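Asker: One structure, as structure tokens, below. Some questions next.
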Amino acid sequence: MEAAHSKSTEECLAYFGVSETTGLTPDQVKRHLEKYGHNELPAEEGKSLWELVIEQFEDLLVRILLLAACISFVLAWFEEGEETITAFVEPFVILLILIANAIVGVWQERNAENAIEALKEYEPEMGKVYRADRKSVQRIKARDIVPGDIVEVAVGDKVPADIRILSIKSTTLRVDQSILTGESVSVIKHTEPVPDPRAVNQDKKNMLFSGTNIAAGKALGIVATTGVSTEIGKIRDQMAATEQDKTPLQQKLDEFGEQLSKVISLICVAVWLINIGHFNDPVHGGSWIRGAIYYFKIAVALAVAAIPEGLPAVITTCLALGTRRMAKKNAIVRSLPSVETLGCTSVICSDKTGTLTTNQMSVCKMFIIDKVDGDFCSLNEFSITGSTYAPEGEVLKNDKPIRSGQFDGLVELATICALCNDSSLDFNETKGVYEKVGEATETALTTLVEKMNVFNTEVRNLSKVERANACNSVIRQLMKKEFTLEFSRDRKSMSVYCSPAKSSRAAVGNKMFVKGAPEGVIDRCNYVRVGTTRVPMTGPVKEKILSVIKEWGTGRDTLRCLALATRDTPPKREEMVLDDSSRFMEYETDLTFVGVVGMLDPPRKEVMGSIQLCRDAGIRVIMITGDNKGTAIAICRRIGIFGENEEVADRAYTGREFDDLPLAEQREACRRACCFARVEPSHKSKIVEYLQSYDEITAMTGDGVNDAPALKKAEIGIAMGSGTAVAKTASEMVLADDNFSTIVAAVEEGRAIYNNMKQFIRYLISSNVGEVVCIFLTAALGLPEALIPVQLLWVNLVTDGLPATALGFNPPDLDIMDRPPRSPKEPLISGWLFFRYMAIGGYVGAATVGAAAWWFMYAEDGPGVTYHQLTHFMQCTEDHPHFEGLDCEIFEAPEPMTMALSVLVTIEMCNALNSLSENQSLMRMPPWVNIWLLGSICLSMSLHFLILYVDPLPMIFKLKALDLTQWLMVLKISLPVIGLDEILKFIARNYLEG
Ligand SMILES: C/C=C(/C)C(=O)O[C@H]1C(C)=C2[C@H]([C@@H]1OC(=O)CCCCCCC)[C@@](C)(OC(C)=O)C[C@H](OC(=O)CCC)[C@@]1(O)[C@H]2OC(=O)[C@@]1(C)O
Ligand SMILES: Nc1ncnc2c1ncn2[C@@H]1O[C@H](COP(=O)(O)OP(=O)(O)O)[C@H]2O[C@@]3(O[C@H]21)C([N+](=O)[O-])=CC([N+](=O)[O-])=CC3[N+](=O)[O-]
Ligand SMILES: [Mg+2]
Ligand code: NA
């Protein structure tokens, strides 16, 4: 029964056909259980280790590699010779990388936690019901509770399901539902029906929400819903139905993979069409078997050369280091991939309280009526000093500190603030300061009462923990608080009923003290207090009051105003139904206006600047707040979201105004709005969807369980460090300090990380292009392998990996926050850079093939068979070229390959330097601009000499230490690549403008 809040208790018992005194019968249970199912959120889909291991070999490139591993294994099974010590090595290394790769994937998916499974923290194991099969309350498993069940809850209990309250056994029922409605204070519950079938949870005063806690009292009620039908269960289904998309980089990397396997297969088809002449060779004889192996051999090398095997580890490592760095800046990233998205943020939706403001409330102004004489009226306005909850401060008039007690009006003002209050003050020793004990707004009143000191008391004779309630305790001992009519959104006021203490047995003397939003309170006032006297509320006097409230709430003071009144002749105690909130406004009528207090929840010191950075970075900032609209706008103007005088009528909306707009207009409304006042949790989700329909990359803050859906929906959900664990687990980022500024700072950081990632992604992929050219060249020229998989793999995982990582540390561009958000669809490589990397690739393909062909021919230590063309053959059966001799296994000599590899390594070290900047000459941006890079290059070269000399290695890699002459030919061939790019960069800098 999802509409229970609006039905009578009798109608709910009737609907389910249950007896309040007995509970459900065993047949009702079986039938209800079968109909509504068990009371629990569905269990997560179990994912077996095998399934988790298989999903690892799901990527297109890992498959290509696995295929390469097979060919490499079978090819190593029928190898010619006996170099088994350095044979099965190749297929093993490939297979091992796939294993490590899988281990990492499985590892991460283990220590990962989902927000849904976290919701289960709010469902208790046990519950207490009343069933016909017994007379005493029996505690069963929450899981077995069902709709219709008469249930019992008491202080300390965790609500087991959504329940309609039947009867409150205690004097009052208090519930802590902070996690669902964001109501910090525990709230009071009643049993009367709430007429609105669409009432938001805060208005459902007769319901207990599954997952919340009873703060005080004992109550009996009937279960309305269970499982996914509860409020928390509905949040659970929303989250489950939320499909998140891959980040822009993941998408680009996925399109890269698809196209890469398309190129690989194409290059294989090519090597075939360039050797179609073999179909003309004589059938008998020939190297049929030795030719097939040759083709499959370049296929493996081709796949290994195309795939940037070390790029993922470089990405992860750069994200981790950046992540640890952001932490220091108070931004805790939970999802590494989110960093890029954060850099692309175009819209930041931010709750105001505690994020844009400090959540430190203090009264700054206050006024009372001075006098009324016909059309003439005068007020007595004051100011108060001190922005802390601390009783440190003083009242003043015309900037002169006065004695509050010297004004009768102020004495009553303080009385009301003192009594009509559910909060207090406490001196936290751990911090040495003060902490609000209750609502921020009420505590401000408490503090005010202390600073005012209407009854000149000796507070300086007490400590920091005693005078924390000095002047307050004084007011209490005067008036006895009988009962309090809690605050309600519809009347926007609250009040306490008080009887004098000095008058034990008095038939009169009772007063109701009222506090609330100005408009409603002032309209219910028939009298205005002037000092101790009283006069009727008149038009001239009301306008005067409203006049000043408007200036304080809508003006540059940006203050939340509260009207304070007194019911001089309150109804007789017995004639009041303290259980039907619907009549509270009635009891708070015929009031006497006492005064108005204006308090400020000050903007963070750093938000003013951060709002500017966002405007300079082309990022929109939307403020979400509980303030009334007029004060919401005034606050926006104050922090810079709106101009001090710009029209913003169609850029600021209340939840109500927005629901009144048809769907078409709500969408448009979100494209230009920067202020949303008084919205329900559902609004955040819709705002996101509408922003996503404009392709915005949205960042959205939240803290309660009710924010989870939206936090999950937003590309960057941002949770409060001081918020719920559920909100955290549903967010990409957590602000350890709750500061809006930490957001802006995290976005810049995201911008600076992406630019560097781009440089090392282009650097690694560029090298792969070159590697392939070398393999394709050595396939069209019929030359012996210049590079083999085991060598390429080392270069792609180690040699190039260090430099790639170093580029991650490239200094950021000074104007990072001076350009609009990057477009998600922006490709990493195209146009002139595409041409550049092709040119560099062709260059790299020749520099490597040449170095090896240079050793086989024009060399001082190798076969002086110049122009001999190894193309002719590798069969060695006709000896057409050589007229006399016995030697052909030199074609497998490690010397030529060591030249090829040293060229690649060296060229790549030079190409790392060319990657410091996309278009800046090494003259403008020298290499030493990044010491990490220089240092990395030295490390890579020393590792190159490691596999050349440390015996076990040179054999494993088929390498052979080079001669100073062979080395000088390396540097001769390599170094020039720096000049090649410099020229290409020069062309991009001058002859390519727009
Ligand atoms: C990686 C290795 C190789 C050999 C390859 O061909 O990659 C292509 C490829 C898959 C792309 C291409 C490569 O294309 C070429 O090199 C042109 C043909 C040369 C024939 C060589 C014959 C021996 C990238 C590498 O070329 C250059 C020259 O830079 C640029 C870019 O890549 C990126 O933007 C990286 C984004 C992850 C992609 O066109 C990309 O495909 C896409 O969808 C993109 C958008 O990804
Ligand atoms: N949808 C809505 N309809 C009507 N009012 C809404 C409202 N949403 C918020 N408010 C009022 O505004 C204040 C701020 O509300 P809040 O929901 O906490 O927003 P933030 O999270 O943005 O800070 C609350 O203070 C109070 O009523 C509340 C409040 N309270 O919530 O208990 C108590 C008292 N009081 O003591 O009389 C005064 C308040 N006030 O604004 O003046
Ligand atoms: Mg809040
Ligand atoms: Na999200």
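By convention here, the chains of the structure tokens are called A, B, ... in the order presented, each chain's residues are numbered starting at 1, and ligands are numbered starting at 1 in the order presented.
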Dump the neighbourhood of ligand 3 as a compact mmCIF listing (two decimals) with N, CA and C atoms, in the first residue's frame: all residues within 12 Å, distances computed on only C-alpha atoms and all ligand atoms.

Answerer:
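Just written: result10.txt:
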# COMPACT_ATOMS: atom_id res chain seq x y z
N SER A 178 17.49 11.42 8.83
CA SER A 178 18.48 12.26 8.15
C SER A 178 18.95 11.72 6.80
N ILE A 179 19.23 10.43 6.75
CA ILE A 179 19.73 9.79 5.52
C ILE A 179 18.77 9.77 4.35
N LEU A 180 17.48 9.97 4.61
CA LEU A 180 16.50 9.94 3.52
C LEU A 180 15.96 11.29 3.13
N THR A 181 15.80 12.17 4.10
CA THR A 181 15.25 13.49 3.85
C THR A 181 16.25 14.60 4.19
N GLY A 182 17.44 14.21 4.60
CA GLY A 182 18.45 15.20 4.95
C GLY A 182 18.08 16.05 6.16
N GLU A 183 17.13 15.58 6.96
CA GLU A 183 16.72 16.30 8.17
C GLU A 183 17.69 15.89 9.29
N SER A 184 18.62 16.78 9.61
CA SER A 184 19.61 16.50 10.65
C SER A 184 18.95 16.14 11.99
N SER A 350 25.90 22.41 -7.54
CA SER A 350 26.37 22.36 -6.15
C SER A 350 25.35 22.73 -5.08
N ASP A 351 25.23 21.88 -4.06
CA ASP A 351 24.33 22.20 -2.95
C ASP A 351 25.03 23.40 -2.32
N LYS A 352 24.26 24.31 -1.73
CA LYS A 352 24.84 25.50 -1.12
C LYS A 352 25.44 25.32 0.28
N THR A 353 24.61 24.86 1.21
CA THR A 353 24.97 24.72 2.63
C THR A 353 26.13 23.81 3.02
N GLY A 354 27.22 24.44 3.47
CA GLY A 354 28.39 23.69 3.89
C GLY A 354 29.39 23.44 2.77
N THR A 355 28.98 23.71 1.53
CA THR A 355 29.84 23.51 0.37
C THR A 355 30.20 24.86 -0.23
N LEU A 356 29.20 25.70 -0.45
CA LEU A 356 29.40 27.04 -0.96
C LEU A 356 29.49 27.97 0.25
N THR A 357 28.80 27.59 1.32
CA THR A 357 28.79 28.35 2.58
C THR A 357 29.50 27.52 3.64
N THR A 358 29.69 28.09 4.83
CA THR A 358 30.37 27.37 5.92
C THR A 358 29.41 26.60 6.84
N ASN A 359 28.11 26.82 6.70
CA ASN A 359 27.13 26.16 7.57
C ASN A 359 27.30 26.68 9.00
N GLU A 439 19.99 22.24 15.20
CA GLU A 439 19.93 22.91 13.91
C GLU A 439 20.80 24.17 13.92
N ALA A 440 21.46 24.44 12.80
CA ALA A 440 22.33 25.59 12.68
C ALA A 440 21.57 26.90 12.89
N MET A 623 23.61 26.48 -8.59
CA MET A 623 23.48 26.36 -7.15
C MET A 623 22.11 25.77 -6.80
N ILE A 624 22.13 24.73 -5.96
CA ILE A 624 20.93 24.07 -5.46
C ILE A 624 20.81 24.40 -3.96
N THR A 625 19.70 25.00 -3.56
CA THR A 625 19.54 25.39 -2.17
C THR A 625 18.13 25.31 -1.55
N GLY A 626 18.10 25.30 -0.21
CA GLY A 626 16.85 25.25 0.54
C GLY A 626 16.27 26.63 0.83
N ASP A 627 17.05 27.68 0.55
CA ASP A 627 16.62 29.06 0.74
C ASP A 627 15.36 29.36 -0.08
N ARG A 678 14.58 25.22 -3.32
CA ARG A 678 13.53 24.33 -2.83
C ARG A 678 13.06 23.30 -3.87
N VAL A 679 13.89 22.30 -4.08
CA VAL A 679 13.62 21.23 -5.02
C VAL A 679 13.63 19.93 -4.24
N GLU A 680 12.99 18.89 -4.77
CA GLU A 680 12.99 17.61 -4.09
C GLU A 680 14.13 16.76 -4.65
N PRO A 681 14.43 15.61 -4.02
CA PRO A 681 15.53 14.78 -4.55
C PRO A 681 15.35 14.42 -6.03
N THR A 701 26.79 17.33 -6.75
CA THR A 701 27.12 17.00 -5.37
C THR A 701 25.90 16.39 -4.68
N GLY A 702 26.15 15.68 -3.58
CA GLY A 702 25.09 15.05 -2.81
C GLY A 702 25.71 14.47 -1.55
N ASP A 703 24.88 14.03 -0.61
CA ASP A 703 25.41 13.44 0.62
C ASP A 703 24.52 12.36 1.22
N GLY A 704 23.20 12.48 1.05
CA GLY A 704 22.31 11.47 1.61
C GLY A 704 22.02 10.29 0.70
N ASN A 706 19.37 9.61 -0.48
CA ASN A 706 18.46 10.11 -1.51
C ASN A 706 19.17 10.81 -2.67
N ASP A 707 20.48 11.05 -2.53
CA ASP A 707 21.27 11.70 -3.58
C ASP A 707 21.89 10.66 -4.48
N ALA A 719 30.57 13.39 -3.71
CA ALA A 719 30.03 13.21 -2.37
C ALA A 719 30.78 14.01 -1.30
N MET A 720 30.08 14.29 -0.21
CA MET A 720 30.67 15.03 0.90
C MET A 720 31.45 14.09 1.79
N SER A 722 31.82 14.44 4.83
CA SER A 722 31.02 14.34 6.05
C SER A 722 29.66 13.72 5.80
N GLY A 723 29.45 13.17 4.60
CA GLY A 723 28.17 12.58 4.27
C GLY A 723 28.10 11.08 4.47
N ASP A 738 34.46 19.05 2.05
CA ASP A 738 33.13 19.52 1.63
C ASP A 738 33.15 20.83 0.85

Asker: Residues near residue 186 of chain A, anyone? I mean within 7 Å using only C-alpha atoms, not counting same-chain ones fewer than 5 positions away, as a PyMOL selection string.

Answerer: chain A and resi 174-177+215

Asker: Output N, CA, C and O atoms for every residue in the selection just made, as a PDB file, in the first residue's frame.

Answerer:
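Listing of again_21.pdb after writing:
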ATOM      1  N   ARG A 174       9.935  10.187  18.098  1.00  0.00           N
ATOM      2  CA  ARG A 174      11.004  10.944  17.434  1.00  0.00           C
ATOM      3  C   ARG A 174      11.784   9.999  16.552  1.00  0.00           C
ATOM      4  O   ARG A 174      12.162   8.915  16.976  1.00  0.00           O
ATOM      5  N   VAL A 175      12.037  10.413  15.320  1.00  0.00           N
ATOM      6  CA  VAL A 175      12.761   9.553  14.392  1.00  0.00           C
ATOM      7  C   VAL A 175      13.915  10.253  13.676  1.00  0.00           C
ATOM      8  O   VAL A 175      13.778  11.390  13.239  1.00  0.00           O
ATOM      9  N   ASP A 176      15.045   9.570  13.560  1.00  0.00           N
ATOM     10  CA  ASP A 176      16.172  10.124  12.826  1.00  0.00           C
ATOM     11  C   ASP A 176      16.128   9.575  11.400  1.00  0.00           C
ATOM     12  O   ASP A 176      16.536   8.433  11.158  1.00  0.00           O
ATOM     13  N   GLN A 177      15.614  10.372  10.466  1.00  0.00           N
ATOM     14  CA  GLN A 177      15.561   9.960   9.062  1.00  0.00           C
ATOM     15  C   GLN A 177      16.516  10.794   8.186  1.00  0.00           C
ATOM     16  O   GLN A 177      16.387  10.846   6.964  1.00  0.00           O
ATOM     17  N   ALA A 215      14.498   7.699  17.345  1.00  0.00           N
ATOM     18  CA  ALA A 215      15.344   8.460  18.251  1.00  0.00           C
ATOM     19  C   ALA A 215      14.794   8.428  19.667  1.00  0.00           C
ATOM     20  O   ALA A 215      15.555   8.490  20.631  1.00  0.00           O
TER      21      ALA A 215
END

Asker: For ligand 1, list the contacting residues at 9 Å or closer, counting only C-alpha atoms and all ligand atoms, as a ChimeraX atom specification.

Answerer: /A:249-264,266-267,302,305-308,758,761-762,764-777,827-830,833-842,845

Asker: Closest to residue 850 of chain A among A:148, A:896, A:193, A:602, using only C-alpha atoms?

Answerer: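 Nearest to residue 850 of chain A: A:896.
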
Asker: Could you pull the residues within 9 Å of residue 940 of chain A, counting only C-alpha atoms, minus those fewer than 3 positions along the same chain, as a list in words?

Answerer: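 Near residue 940 of chain A, the qualifying residues are residues 798, 799, 800, 801, 802, 803, 905, 909, 935, 936, 937, 943, 944 and 945 of chain A.
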
Asker: So, with only C-alpha atoms and all ligand atoms as the atoms that count, which of A:697, A:62, A:235, A:414 lies closest to ligand 4?

Answerer: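 Once distances to ligand 4 are computed over only C-alpha atoms and all ligand atoms, the minimum belongs to A:697.
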
Asker: According to DSSP computed on the backbone, where in segment 881-949 of chain A is there helix (DSSP H, G or I)? Give the residues as a PyMOL selection string.

Answerer: chain A and resi 889-892+894-913+927-929+931-944+946-949

Asker: Mind dumping the selected residues with N, CA and C atoms as a short mmCIF file (atom, residue, chain, number, x, y, z; two decimals), in the first residue's frame?

Answerer:
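To be explicit, this is the file written out as out02.cif:
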data_model
loop_
_atom_site.label_atom_id
_atom_site.label_comp_id
_atom_site.auth_asym_id
_atom_site.auth_seq_id
_atom_site.Cartn_x
_atom_site.Cartn_y
_atom_site.Cartn_z
N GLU A 889 73.81 -19.46 -42.06
CA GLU A 889 73.11 -19.17 -40.81
C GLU A 889 73.43 -17.80 -40.24
N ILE A 890 74.16 -16.98 -40.99
CA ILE A 890 74.49 -15.64 -40.53
C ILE A 890 73.23 -14.80 -40.58
N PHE A 891 72.30 -15.21 -41.45
CA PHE A 891 71.03 -14.51 -41.60
C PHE A 891 70.26 -14.49 -40.29
N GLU A 892 70.79 -15.18 -39.29
CA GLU A 892 70.16 -15.23 -37.97
C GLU A 892 71.07 -14.58 -36.94
N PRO A 894 72.76 -12.13 -34.43
CA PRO A 894 72.18 -11.15 -33.51
C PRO A 894 72.73 -9.74 -33.69
N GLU A 895 73.83 -9.62 -34.42
CA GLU A 895 74.44 -8.31 -34.65
C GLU A 895 73.51 -7.37 -35.43
N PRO A 896 72.98 -7.83 -36.58
CA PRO A 896 72.10 -6.96 -37.35
C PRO A 896 70.87 -6.51 -36.55
N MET A 897 70.28 -7.43 -35.81
CA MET A 897 69.11 -7.10 -35.01
C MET A 897 69.45 -6.10 -33.92
N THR A 898 70.63 -6.24 -33.32
CA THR A 898 71.04 -5.33 -32.26
C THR A 898 71.17 -3.91 -32.78
N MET A 899 71.40 -3.77 -34.09
CA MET A 899 71.50 -2.45 -34.71
C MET A 899 70.08 -1.90 -34.84
N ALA A 900 69.17 -2.75 -35.32
CA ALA A 900 67.77 -2.39 -35.50
C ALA A 900 67.15 -1.93 -34.17
N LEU A 901 67.35 -2.73 -33.12
CA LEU A 901 66.82 -2.42 -31.80
C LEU A 901 67.43 -1.14 -31.20
N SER A 902 68.74 -0.95 -31.36
CA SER A 902 69.40 0.24 -30.81
C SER A 902 68.93 1.51 -31.53
N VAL A 903 68.51 1.35 -32.77
CA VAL A 903 67.99 2.46 -33.55
C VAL A 903 66.61 2.80 -32.98
N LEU A 904 65.78 1.77 -32.80
CA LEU A 904 64.44 1.99 -32.26
C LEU A 904 64.56 2.62 -30.88
N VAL A 905 65.31 1.98 -29.99
CA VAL A 905 65.47 2.53 -28.65
C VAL A 905 65.92 3.99 -28.70
N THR A 906 67.02 4.25 -29.40
CA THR A 906 67.54 5.62 -29.50
C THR A 906 66.52 6.56 -30.14
N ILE A 907 65.94 6.15 -31.27
CA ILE A 907 64.95 7.01 -31.90
C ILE A 907 63.81 7.31 -30.92
N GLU A 908 63.38 6.29 -30.18
CA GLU A 908 62.29 6.50 -29.23
C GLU A 908 62.71 7.42 -28.08
N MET A 909 63.98 7.41 -27.71
CA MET A 909 64.44 8.29 -26.65
C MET A 909 64.39 9.71 -27.19
N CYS A 910 64.70 9.86 -28.47
CA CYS A 910 64.69 11.18 -29.10
C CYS A 910 63.25 11.62 -29.29
N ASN A 911 62.39 10.66 -29.63
CA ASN A 911 60.99 10.94 -29.86
C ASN A 911 60.25 11.27 -28.57
N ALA A 912 60.82 10.87 -27.43
CA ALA A 912 60.21 11.18 -26.15
C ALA A 912 60.42 12.68 -25.98
N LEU A 913 61.61 13.14 -26.33
CA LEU A 913 61.95 14.55 -26.24
C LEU A 913 61.09 15.37 -27.18
N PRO A 927 64.66 20.37 -23.31
CA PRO A 927 64.47 19.07 -22.68
C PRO A 927 64.48 19.12 -21.15
N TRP A 928 65.36 19.94 -20.58
CA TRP A 928 65.46 20.04 -19.13
C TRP A 928 64.20 20.59 -18.46
N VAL A 929 63.20 20.92 -19.27
CA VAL A 929 61.92 21.43 -18.76
C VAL A 929 61.29 20.34 -17.90
N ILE A 931 62.89 17.25 -15.81
CA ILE A 931 64.00 16.44 -15.31
C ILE A 931 63.64 14.96 -15.22
N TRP A 932 62.37 14.65 -14.98
CA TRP A 932 61.96 13.26 -14.88
C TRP A 932 62.23 12.54 -16.19
N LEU A 933 61.91 13.22 -17.29
CA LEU A 933 62.10 12.67 -18.62
C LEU A 933 63.59 12.39 -18.87
N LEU A 934 64.44 13.37 -18.62
CA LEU A 934 65.87 13.19 -18.83
C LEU A 934 66.32 11.99 -18.00
N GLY A 935 65.98 12.01 -16.72
CA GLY A 935 66.35 10.92 -15.84
C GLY A 935 65.84 9.59 -16.36
N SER A 936 64.63 9.57 -16.90
CA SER A 936 64.06 8.33 -17.41
C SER A 936 64.83 7.80 -18.62
N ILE A 937 65.26 8.70 -19.49
CA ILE A 937 66.02 8.33 -20.68
C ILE A 937 67.32 7.62 -20.28
N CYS A 938 68.00 8.14 -19.26
CA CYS A 938 69.24 7.52 -18.79
C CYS A 938 68.94 6.12 -18.27
N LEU A 939 67.85 6.00 -17.51
CA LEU A 939 67.46 4.71 -16.96
C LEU A 939 67.17 3.70 -18.06
N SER A 940 66.49 4.15 -19.11
CA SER A 940 66.15 3.27 -20.22
C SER A 940 67.36 2.79 -20.98
N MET A 941 68.31 3.68 -21.20
CA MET A 941 69.52 3.32 -21.93
C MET A 941 70.38 2.34 -21.15
N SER A 942 70.47 2.54 -19.84
CA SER A 942 71.27 1.65 -19.01
C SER A 942 70.61 0.27 -18.96
N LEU A 943 69.30 0.22 -19.16
CA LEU A 943 68.57 -1.05 -19.17
C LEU A 943 68.79 -1.72 -20.51
N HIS A 944 69.07 -0.91 -21.53
CA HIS A 944 69.33 -1.44 -22.86
C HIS A 944 70.67 -2.16 -22.81
N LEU A 946 71.81 -3.47 -20.31
CA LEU A 946 71.63 -4.58 -19.39
C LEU A 946 71.37 -5.86 -20.18
N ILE A 947 70.47 -5.78 -21.16
CA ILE A 947 70.13 -6.94 -21.97
C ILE A 947 71.15 -7.24 -23.06
N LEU A 948 72.18 -6.40 -23.17
CA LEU A 948 73.23 -6.61 -24.16
C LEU A 948 74.44 -7.30 -23.55
N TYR A 949 74.73 -6.97 -22.30
CA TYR A 949 75.89 -7.52 -21.61
C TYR A 949 75.63 -8.62 -20.58
#

Asker: What's around segment 279-295 of chain A at 9 Å? Count only C-alpha atoms, leave out sequence neighbours fewer than 3 positions away in its own chain, and write the answer as a PyMOL selection string.

Answerer: chain A and resi 75+268+271-272+275-276+298-300+779+875+877

Asker: Let's have the selection written as a CSV table (one decimal), in the first residue's frame, with N, CA, C and O atoms.

Answerer:
chain,number,residue,atom,x,y,z
A,75,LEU,N,54.4,-22.5,-33.6
A,75,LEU,CA,55.6,-22.2,-34.4
A,75,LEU,C,56.9,-22.5,-33.6
A,75,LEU,O,57.9,-22.8,-34.2
A,268,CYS,N,48.2,-7.9,-43.3
A,268,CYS,CA,48.5,-9.3,-43.5
A,268,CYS,C,48.0,-9.7,-44.9
A,268,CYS,O,48.7,-10.4,-45.6
A,271,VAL,N,50.8,-8.3,-47.3
A,271,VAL,CA,52.0,-9.1,-47.4
A,271,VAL,C,51.7,-10.3,-48.3
A,271,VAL,O,52.6,-10.9,-48.9
A,272,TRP,N,50.4,-10.7,-48.4
A,272,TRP,CA,50.1,-11.8,-49.2
A,272,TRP,C,50.0,-11.5,-50.7
A,272,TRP,O,50.5,-12.2,-51.5
A,275,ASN,N,53.3,-11.2,-52.6
A,275,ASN,CA,54.0,-12.5,-52.7
A,275,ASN,C,53.1,-13.5,-53.5
A,275,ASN,O,53.3,-14.7,-53.3
A,276,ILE,N,52.2,-12.9,-54.3
A,276,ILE,CA,51.3,-13.8,-55.1
A,276,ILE,C,52.1,-14.4,-56.3
A,276,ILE,O,51.6,-15.3,-56.9
A,298,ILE,N,55.9,-13.2,-39.4
A,298,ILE,CA,55.8,-11.7,-39.4
A,298,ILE,C,54.4,-11.4,-38.9
A,298,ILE,O,54.2,-10.2,-38.5
A,299,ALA,N,53.5,-12.3,-38.9
A,299,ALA,CA,52.1,-12.1,-38.4
A,299,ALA,C,52.2,-11.8,-36.9
A,299,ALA,O,51.7,-10.8,-36.4
A,300,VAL,N,52.9,-12.7,-36.2
A,300,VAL,CA,53.1,-12.6,-34.8
A,300,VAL,C,53.8,-11.3,-34.5
A,300,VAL,O,53.3,-10.5,-33.7
A,779,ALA,N,58.9,-7.3,-45.1
A,779,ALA,CA,58.0,-8.3,-45.6
A,779,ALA,C,57.8,-8.1,-47.1
A,779,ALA,O,57.5,-9.0,-47.8
A,875,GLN,N,66.8,-19.1,-48.7
A,875,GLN,CA,66.6,-20.5,-48.9
A,875,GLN,C,67.9,-21.2,-48.7
A,875,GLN,O,68.1,-22.2,-48.0
A,877,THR,N,70.1,-22.8,-51.3
A,877,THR,CA,70.0,-24.1,-51.9
A,877,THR,C,70.7,-24.0,-53.3
A,877,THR,O,71.2,-25.0,-53.8

Asker: Looking only at the backbone, which of the residues in segment 223-346 of chain A does DSSP tag as strand (DSSP E or B), as a VMD selection string?

Answerer: chain A and resid 223 to 225 331 to 333

Asker: Based on the selection just made, write N, CA and C atoms of those residues as a short mmCIF file (atom, residue, chain, number, x, y, z; two decimals), in the first residue's frame.

Answerer:
data_model
loop_
_atom_site.label_atom_id
_atom_site.label_comp_id
_atom_site.auth_asym_id
_atom_site.auth_seq_id
_atom_site.Cartn_x
_atom_site.Cartn_y
_atom_site.Cartn_z
N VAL A 223 2.65 -2.36 8.33
CA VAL A 223 3.56 -2.33 7.19
C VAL A 223 2.80 -2.01 5.91
N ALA A 224 3.23 -0.94 5.24
CA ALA A 224 2.61 -0.52 3.99
C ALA A 224 3.33 -1.16 2.80
N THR A 225 4.66 -1.17 2.85
CA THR A 225 5.43 -1.76 1.77
C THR A 225 6.69 -2.39 2.25
N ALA A 331 40.75 16.33 -2.69
CA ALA A 331 39.86 15.69 -3.66
C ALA A 331 40.21 14.20 -3.71
N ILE A 332 39.31 13.37 -3.20
CA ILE A 332 39.51 11.92 -3.18
C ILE A 332 38.78 11.27 -4.35
N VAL A 333 39.55 10.83 -5.34
CA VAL A 333 38.99 10.19 -6.53
C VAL A 333 38.88 8.70 -6.26
#

Asker: Counting only C-alpha atoms and all ligand atoms, which protein, DNA or RNA residues come within 12 Å of ligand 4, given as a VMD selection string?

Answerer: chain A and resid 115 239 242 to 247 334 to 335 337 to 338 341 to 342 685 688 to 689 697 to 702 707 to 719 727 to 734

Asker: Pick out the residues sitting within 12 Å of residue 607 of chain A, and hand them over as a PyMOL selection string; count only C-alpha atoms, and ignore anything fewer than 2 positions along from it in its own chain.

Answerer: chain A and resi 350+352+354-358+602-605+609-614+621+636+638-641+738-745

Asker: So that I can check the surroundings of residue 221 of chain A, please list as a PyMOL selection string every protein, DNA and RNA residue that reaches within 12 Å of it, counting only C-alpha atoms and ignoring chain neighbours fewer than 5 positions away.

Answerer: chain A and resi 4-5+8-10+12-13+18-21+23+128-130+147-154+159-169+173+189-191+206-209

Asker: I'd like to know which of A:399, A:237, A:422, A:392 is closest to ligand 2, using only C-alpha atoms and all ligand atoms.

Answerer: A:422

Asker: Between A:984, A:60, A:145, A:199, single out the one closest to ligand 2, counting only C-alpha atoms and all ligand atoms.

Answerer: A:199

Asker: Using only C-alpha atoms and all ligand atoms for the distances, tell me which of A:540, A:217, A:655, A:322 is nearest to ligand 2.

Answerer: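 Selected residue with least distance to ligand 2: A:655.
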
Asker: Identify which of the residues A:57, A:856, A:809, A:487 lies closest to ligand 2, counting only C-alpha atoms and all ligand atoms when measuring atom-to-atom distances.

Answerer: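 Smallest distance to ligand 2 is found for A:487.
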
Asker: Mind checking which residues fall within 8 Å of segment 915-921 of chain A, counting only C-alpha atoms, ignoring those fewer than 6 positions away in the same chain, and posting them as a list in words?

Answerer: residues 759, 760, 763, 807, 810, 927, 930, 982, 985, 986, 988 and 989 of chain A
